[PDB]
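Undergrad: Pasting a structure below so you can have a look.
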There are 2 protein chains.
Amino acid sequence: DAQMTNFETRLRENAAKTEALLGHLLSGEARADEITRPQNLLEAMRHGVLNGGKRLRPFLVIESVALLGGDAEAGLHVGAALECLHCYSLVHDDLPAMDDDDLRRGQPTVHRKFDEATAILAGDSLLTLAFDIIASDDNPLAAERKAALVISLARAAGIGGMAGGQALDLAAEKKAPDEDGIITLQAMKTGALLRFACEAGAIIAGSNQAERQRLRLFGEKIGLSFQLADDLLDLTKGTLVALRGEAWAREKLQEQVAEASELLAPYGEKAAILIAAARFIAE
Amino acid sequence: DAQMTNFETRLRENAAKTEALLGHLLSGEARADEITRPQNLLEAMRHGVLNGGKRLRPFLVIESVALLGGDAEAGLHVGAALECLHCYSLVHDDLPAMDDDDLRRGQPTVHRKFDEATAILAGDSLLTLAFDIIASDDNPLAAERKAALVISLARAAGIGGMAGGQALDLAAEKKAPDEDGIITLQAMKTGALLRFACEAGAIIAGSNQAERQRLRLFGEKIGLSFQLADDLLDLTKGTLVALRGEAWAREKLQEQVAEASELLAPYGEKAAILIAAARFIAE
């Protein structure tokens, strides 16, 4: 209860910090190497970011970085980058060709407020900007760590990650997947960005391999829990809840929170915020 | 004539080298940090790359790198990355919401051979992969140079570059631009990737600022010539050919080739291939 308040409050704090930097990064002034920023496309990008939700992904980057003693400013920049990518994915998924949504969080979707062309280009531009934000000199982070993050984000986001998962998800609508197929498409469509968010803290902090693996694994448990909790919420069609039942799902959620917590045991009290996130997500 | 053969032959050689690496990079095997590569989406990506054209952009990267004595393997990887990005842009531009093309180079467009969702995701995945290819450890290039390239490519490709130019171009269809507007949207829509292709050689080679600027400027002249030559070809609506006339355009093309050639004068015979490219493009 007090711990759940701890998470909710930090989620809102980190959301506000990330949003402030995002507003700055989406300002109308051309940067070095940019010719001009067309105002309509930029407004569409801002709209896409406005509709992006509660900023869990930046939260996880920021808090992974804090756990491991990395540079909070680098954490904020990488969180913003990751959020831009998350938001691009929603702008494209909302399109008529994909999920065909007129509304997102009570507001018109980007293609409805603008048009489909502008939505396509806004998502394309937000995906592109994510990489700019990570690699830019105003992200105070060594080049080797920037390169590692670019690789990690691209792998998590692309053919073998998020985008591939979306392809598998759409294919699942016409041809029902089996359990192994569901686990795979979920790990890609939603798990990979959450994995990346946590692993990124270790990359940013310059952690050893063991610690980077630990945070990756933690991120995998967060994503597994995120997916189950969401499918349970909707319940109360290729879903593990559908195949295995609600009782199985609720026990597996409980298990994943316990596993997540055990992974961060070695950090003691300093892991409380991330452990609270696991519990919030899972319930 | 013999010089134009020199260019045409090297264009084909570099196209074949770049295509071989692209085929490898688009293989079905999951890489480290990828879960699996869905076969249908991967086929769509390959189709998008197959339809991409004559590989001028990789040619320029490879030859800029050669001019400045950089690592040809790094040149090949960065050229492949740039080509993936170029090809993504075509996959999205062909969509019904944008240019609405059923054919590209005599073949069905990606959304026609597959569907619109798959085309959207294929372009998204090719854009994402471009950044993976640049930053990956199998690109033999120092991290600092990789970061610089990620920034340069993202700036050239995004809101202040290619994507922004496409937005300005679509807006031009409903509201005619003036000359300054045309120059700007052209510099973004087509010039920026050609600028990047040439400047990239200097970044890869670890050139001093002066030399990097020189290759950037050369790339700007290539792009200016590329645009004019193309608009002239079509002639024989917001175009400089339309506003200034064919005679003005043909003289300006000639001027830009001369300027391009003068920029590379200090490299002597070693600049012959790039100078031939300027002449091929312009005529």
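Residue numbering restarts at 1 for every chain of the structure tokens, chains are lettered A, B, ... in their displayed order, and ligands are numbered from 1 as they appear.
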Determine, using only C-alpha atoms, which residues of chain A have any atom at most 8 Å from an atom of chain B, and tabulate each with its shortest atom pair and distance in Å to one decimal place, rows ordered by chain and then rising number, as JSON lines.
TA:
{"residue": "A:30", "atom": "CA", "partner": "B:160", "partner_atom": "CA", "distance": 6.8}
{"residue": "A:31", "atom": "CA", "partner": "B:160", "partner_atom": "CA", "distance": 7.9}
{"residue": "A:33", "atom": "CA", "partner": "B:155", "partner_atom": "CA", "distance": 5.9}
{"residue": "A:34", "atom": "CA", "partner": "B:160", "partner_atom": "CA", "distance": 4.3}
{"residue": "A:35", "atom": "CA", "partner": "B:160", "partner_atom": "CA", "distance": 5.3}
{"residue": "A:36", "atom": "CA", "partner": "B:160", "partner_atom": "CA", "distance": 5.1}
{"residue": "A:37", "atom": "CA", "partner": "B:160", "partner_atom": "CA", "distance": 5.0}
{"residue": "A:38", "atom": "CA", "partner": "B:164", "partner_atom": "CA", "distance": 6.1}
{"residue": "A:41", "atom": "CA", "partner": "B:167", "partner_atom": "CA", "distance": 6.6}
{"residue": "A:42", "atom": "CA", "partner": "B:159", "partner_atom": "CA", "distance": 7.3}
{"residue": "A:92", "atom": "CA", "partner": "B:120", "partner_atom": "CA", "distance": 7.8}
{"residue": "A:97", "atom": "CA", "partner": "B:117", "partner_atom": "CA", "distance": 5.3}
{"residue": "A:98", "atom": "CA", "partner": "B:117", "partner_atom": "CA", "distance": 5.6}
{"residue": "A:116", "atom": "CA", "partner": "B:97", "partner_atom": "CA", "distance": 5.9}
{"residue": "A:117", "atom": "CA", "partner": "B:97", "partner_atom": "CA", "distance": 5.3}
{"residue": "A:118", "atom": "CA", "partner": "B:167", "partner_atom": "CA", "distance": 6.9}
{"residue": "A:120", "atom": "CA", "partner": "B:92", "partner_atom": "CA", "distance": 7.8}
{"residue": "A:121", "atom": "CA", "partner": "B:163", "partner_atom": "CA", "distance": 6.1}
{"residue": "A:124", "atom": "CA", "partner": "B:124", "partner_atom": "CA", "distance": 7.1}
{"residue": "A:125", "atom": "CA", "partner": "B:158", "partner_atom": "CA", "distance": 4.9}
{"residue": "A:126", "atom": "CA", "partner": "B:158", "partner_atom": "CA", "distance": 8.0}
{"residue": "A:127", "atom": "CA", "partner": "B:128", "partner_atom": "CA", "distance": 7.7}
{"residue": "A:128", "atom": "CA", "partner": "B:154", "partner_atom": "CA", "distance": 5.5}
{"residue": "A:129", "atom": "CA", "partner": "B:154", "partner_atom": "CA", "distance": 6.5}
{"residue": "A:131", "atom": "CA", "partner": "B:154", "partner_atom": "CA", "distance": 6.6}
{"residue": "A:132", "atom": "CA", "partner": "B:151", "partner_atom": "CA", "distance": 5.1}
{"residue": "A:135", "atom": "CA", "partner": "B:147", "partner_atom": "CA", "distance": 5.4}
{"residue": "A:136", "atom": "CA", "partner": "B:151", "partner_atom": "CA", "distance": 6.0}
{"residue": "A:143", "atom": "CA", "partner": "B:144", "partner_atom": "CA", "distance": 5.1}
{"residue": "A:144", "atom": "CA", "partner": "B:143", "partner_atom": "CA", "distance": 5.1}
{"residue": "A:146", "atom": "CA", "partner": "B:147", "partner_atom": "CA", "distance": 6.8}
{"residue": "A:147", "atom": "CA", "partner": "B:135", "partner_atom": "CA", "distance": 5.4}
{"residue": "A:148", "atom": "CA", "partner": "B:135", "partner_atom": "CA", "distance": 7.5}
{"residue": "A:150", "atom": "CA", "partner": "B:135", "partner_atom": "CA", "distance": 6.4}
{"residue": "A:151", "atom": "CA", "partner": "B:132", "partner_atom": "CA", "distance": 5.1}
{"residue": "A:152", "atom": "CA", "partner": "B:33", "partner_atom": "CA", "distance": 7.2}
{"residue": "A:154", "atom": "CA", "partner": "B:132", "partner_atom": "CA", "distance": 5.4}
{"residue": "A:155", "atom": "CA", "partner": "B:34", "partner_atom": "CA", "distance": 5.8}
{"residue": "A:156", "atom": "CA", "partner": "B:34", "partner_atom": "CA", "distance": 6.9}
{"residue": "A:157", "atom": "CA", "partner": "B:128", "partner_atom": "CA", "distance": 7.1}
{"residue": "A:158", "atom": "CA", "partner": "B:125", "partner_atom": "CA", "distance": 4.9}
{"residue": "A:159", "atom": "CA", "partner": "B:125", "partner_atom": "CA", "distance": 5.6}
{"residue": "A:160", "atom": "CA", "partner": "B:34", "partner_atom": "CA", "distance": 4.3}
{"residue": "A:161", "atom": "CA", "partner": "B:34", "partner_atom": "CA", "distance": 6.0}
{"residue": "A:163", "atom": "CA", "partner": "B:121", "partner_atom": "CA", "distance": 6.1}
{"residue": "A:164", "atom": "CA", "partner": "B:38", "partner_atom": "CA", "distance": 6.1}
{"residue": "A:166", "atom": "CA", "partner": "B:121", "partner_atom": "CA", "distance": 7.9}
{"residue": "A:167", "atom": "CA", "partner": "B:41", "partner_atom": "CA", "distance": 6.6}
{"residue": "A:168", "atom": "CA", "partner": "B:38", "partner_atom": "CA", "distance": 7.0}
{"residue": "A:184", "atom": "CA", "partner": "B:35", "partner_atom": "CA", "distance": 7.4}
{"residue": "A:187", "atom": "CA", "partner": "B:35", "partner_atom": "CA", "distance": 7.9}
{"residue": "A:188", "atom": "CA", "partner": "B:35", "partner_atom": "CA", "distance": 7.0}
Undergrad: Restricting the output to C-alpha atoms, write the selected residues as a short mmCIF file (atom, residue, chain, number, x, y, z; two decimals), in the first residue's frame.
TA:
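After the write, selection-v7.cif holds the following:
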data_model
loop_
_atom_site.label_atom_id
_atom_site.label_comp_id
_atom_site.auth_asym_id
_atom_site.auth_seq_id
_atom_site.Cartn_x
_atom_site.Cartn_y
_atom_site.Cartn_z
CA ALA A 30 16.20 22.85 -36.26
CA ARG A 31 19.21 21.08 -34.78
CA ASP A 33 22.38 18.83 -39.52
CA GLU A 34 18.63 19.42 -39.84
CA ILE A 35 17.36 21.71 -42.55
CA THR A 36 14.02 22.72 -40.97
CA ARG A 37 11.33 21.00 -38.85
CA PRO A 38 7.98 21.10 -40.68
CA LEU A 41 4.58 16.79 -38.99
CA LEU A 42 6.14 17.95 -35.71
CA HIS A 92 1.48 2.91 -36.76
CA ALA A 97 -4.31 -1.21 -42.13
CA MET A 98 -3.30 -2.45 -38.67
CA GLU A 116 -2.86 8.65 -42.63
CA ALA A 117 0.21 9.97 -44.56
CA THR A 118 1.14 12.28 -41.71
CA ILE A 120 2.94 7.17 -41.20
CA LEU A 121 5.60 9.88 -41.42
CA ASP A 124 8.74 7.01 -39.07
CA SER A 125 10.16 10.24 -37.68
CA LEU A 126 9.71 9.17 -34.02
CA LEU A 127 11.48 5.84 -34.74
CA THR A 128 14.32 7.77 -36.44
CA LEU A 129 14.51 10.31 -33.58
CA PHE A 131 18.29 6.70 -32.49
CA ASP A 132 19.29 10.36 -32.72
CA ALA A 135 23.64 8.66 -30.00
CA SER A 136 23.60 12.47 -29.72
CA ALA A 143 30.40 6.15 -27.49
CA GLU A 144 30.90 2.45 -26.73
CA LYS A 146 25.82 4.45 -27.12
CA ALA A 147 26.72 1.85 -29.79
CA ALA A 148 25.69 -0.99 -27.46
CA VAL A 150 21.74 1.33 -30.53
CA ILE A 151 22.30 -2.40 -31.21
CA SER A 152 20.17 -3.46 -28.23
CA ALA A 154 17.36 -2.02 -32.85
CA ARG A 155 17.35 -5.74 -32.05
CA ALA A 156 14.53 -5.30 -29.52
CA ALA A 157 12.49 -3.14 -31.90
CA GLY A 158 12.95 -4.73 -35.34
CA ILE A 159 12.40 -7.94 -37.31
CA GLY A 160 13.53 -10.09 -34.34
CA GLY A 161 11.71 -7.97 -31.75
CA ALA A 163 8.01 -5.21 -35.34
CA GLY A 164 8.33 -8.95 -35.92
CA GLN A 166 3.41 -7.27 -34.55
CA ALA A 167 3.71 -9.26 -37.77
CA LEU A 168 3.20 -12.52 -35.82
CA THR A 184 7.10 -16.03 -28.88
CA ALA A 187 8.02 -11.85 -26.01
CA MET A 188 8.54 -9.88 -29.23
#
Undergrad: Could you tell me, as a PyMOL selection string, which residues of region 12-136 of chain A DSSP assigns to alpha helix (DSSP H) when given the backbone?
TA: chain A and resi 12-25+39-50+56-67+72-93+110-113+116-135
Undergrad: With only C-alpha atoms as the basis for distance, which of A:214, A:176, A:74, A:54 is at the shortest distance from residue 140 (chain A)?
TA: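 Nearest candidate to residue 140 (chain A) out of A:214, A:176, A:74, A:54: A:74.
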Undergrad: Where does region 139-205 of chain B meet region 221-236 of chain B within 8 Å, residue by residue, with the nearest atom pair and distance in Å to one decimal for each, counting only C-alpha atoms, listed by chain and rising number, as JSON lines?
TA:
{"residue": "B:186", "atom": "CA", "partner": "B:227", "partner_atom": "CA", "distance": 7.2}
{"residue": "B:187", "atom": "CA", "partner": "B:223", "partner_atom": "CA", "distance": 7.4}
{"residue": "B:190", "atom": "CA", "partner": "B:223", "partner_atom": "CA", "distance": 6.7}
{"residue": "B:191", "atom": "CA", "partner": "B:223", "partner_atom": "CA", "distance": 4.4}
{"residue": "B:192", "atom": "CA", "partner": "B:223", "partner_atom": "CA", "distance": 7.6}
{"residue": "B:194", "atom": "CA", "partner": "B:223", "partner_atom": "CA", "distance": 5.6}
{"residue": "B:195", "atom": "CA", "partner": "B:223", "partner_atom": "CA", "distance": 6.7}
Undergrad: If we count only C-alpha atoms and set the cut-off at 12 Å, which residues sit around region 217-219 of chain A, ignoring sequence neighbours fewer than 3 positions away in its own chain? Please answer as a PyMOL selection string.
TA: chain A and resi 56-57+60-61+63-64+187+190-202+210-214+222-226+256-265+271+274-275+277-278
